[PDB]
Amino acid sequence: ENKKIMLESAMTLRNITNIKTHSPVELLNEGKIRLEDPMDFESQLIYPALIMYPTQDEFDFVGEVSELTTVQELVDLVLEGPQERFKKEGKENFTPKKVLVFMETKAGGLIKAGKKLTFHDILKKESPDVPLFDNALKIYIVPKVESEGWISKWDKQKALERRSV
């Protein structure tokens, strides 16, 4: 109870919005989100991340990402290794400079996540309201040159229908 109530109080201080979805991926079943030091609200909040590559029909899962990690740092991590998993048209444009990063808002829209921002700072803002989904980050990595087309196809109603309420 002590650990759980501390985490709740620490997350409300950080102004974090959490949206529960009806069919979260099985990789999130354990619900691993924690303060690095469980009895210290100031310690780094650590959450999982789903990294979606919608134009490649692929995604990555990172079990632990610190809130002090920048968007750039996470992009650098997931794109550093051999990029053989991308096997479709436009695979060559998955580099740290050539991609943009998008996140879903509480309204069901999309925001471009600034590469220099920390996840702490993105989740803390009252507006724009960028939530966790099932107590985890969800980001979309899309090449700049495919972004206008991908944003045009984004279905806000379909996004809201993923949610429990």
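For every residue, the number given is its place in the sequence shown, counted from 1.
A summary of the deposited B-factors shows that, of 88 to 96 and 68 to 76, the stretch with the larger mean C-alpha value is 88 to 96. Relative to its counterpart among 11 to 19 and 145 to 153, 145 to 153 has the higher mean temperature factor, C-alpha atoms as listed in the PDB entry. Looking at 26, 121, 129, 134, the one whose CA carries the top B-factor in the deposited record is 26.
The PDB entry assigns residue 113 a C-alpha temperature factor belonging to the middle third of its chain's modelled residues. Per the deposited record, the Cα B-factor of residue 125 falls in the highest third when ranked against the other modelled residues of its chain.
Sort the modelled residues of the chain by CA B factor and residue 46 lands in the lowest third. Among the modelled residues of the chain, residue 33 sits in the middle third by CA temperature factor in this PDB entry. When all modelled residues of the chain are sorted by CA temperature factor, residue 40 is found within the middle third.
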